[PDB]
């Protein structure tokens, strides 16, 4: 795996960000995590949805460097979204959300599972500390 540079365009939700990558706008979905959501007229807004969305927004808007890391399987999903691990100044946004109790580890589909072990470790700790969703 290798990290490549990208530029923020806009944060959309806890689990989705729009970036300029290789000179083109794309929507990215964060690999291996599921955050409560604010969109959708499904349930509309779920508990901890606004919080997860603000967490992601502040972490990417305040970064001096954004990097994307593709896994070793497919790189886009059926909606055209990029599938990746996103780093802000060297820290993985995906892991940060799970460590804070603002995401659960979710949808693990081989072979895009390279950091699965590491994120399950972070999720166990957040549950143990009874944070946010696990409160």
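One is the number of the first residue shown, and numbering goes on along the chain from there.
We read in the header that X-ray crystallography, 1.8 Å was used to get this structure.
Including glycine, each Cβ sits where the backbone N, Cα and C put it.
Among the features that Swiss-Prot reports, active site is placed at 29, 37, 81, with the record citing experimental evidence. Sequence annotations record features per position, and here Swiss-Prot assigns Ca(2+) binding site to 15, 34, 35. The annotation compositional bias 'Basic and acidic residues' is assigned in Swiss-Prot to 115-131.
Feature map: Swiss-Prot annotations on the structure.
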{"residue": "15", "record": "Ca(2+) binding site", "DSSP (3 states)": "coil"}
{"residue": "29", "record": "active site", "DSSP (3 states)": "strand"}
{"residue": "34", "record": "Ca(2+) binding site", "DSSP (3 states)": "strand"}
{"residue": "81", "record": "active site", "DSSP (3 states)": "coil"}
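Each residue of the compositional bias 'Basic and acidic residues' (115-131) gets a DSSP state, and the totals for helix, strand and coil are 13 helix, 0 strand, 4 coil. Other Cβ atoms within 10 Å of the Cβ of residue 15 (Ca(2+) binding site), summed over all protein chains shown, number 23. Within the same chain, residues 31-33, 71, 85, 92, 94-95, 98-101, 104-105, 108 sit at least 6 positions outside the compositional bias 'Basic and acidic residues' (115-131) and bring their C-beta atoms closer than 8 Å to a C-beta of that stretch. Among the active-site residues 29, 81, the residue whose Cβ has the fewest other Cβ atoms within 10 Å is 81. Among the recorded positions 34, 37, the residue whose Cβ has the fewest other Cβ atoms within 10 Å is 34.
Residue 15 (Ca(2+) binding site) has its Cα within 10 Å of the Cα of these active-site residues: 29, 37, taken from 29, 37, 81. The shortest Cα-Cα distance between residue 81 (active site) and any of the recorded positions 29, 34, 35, 37 is the one to 29.
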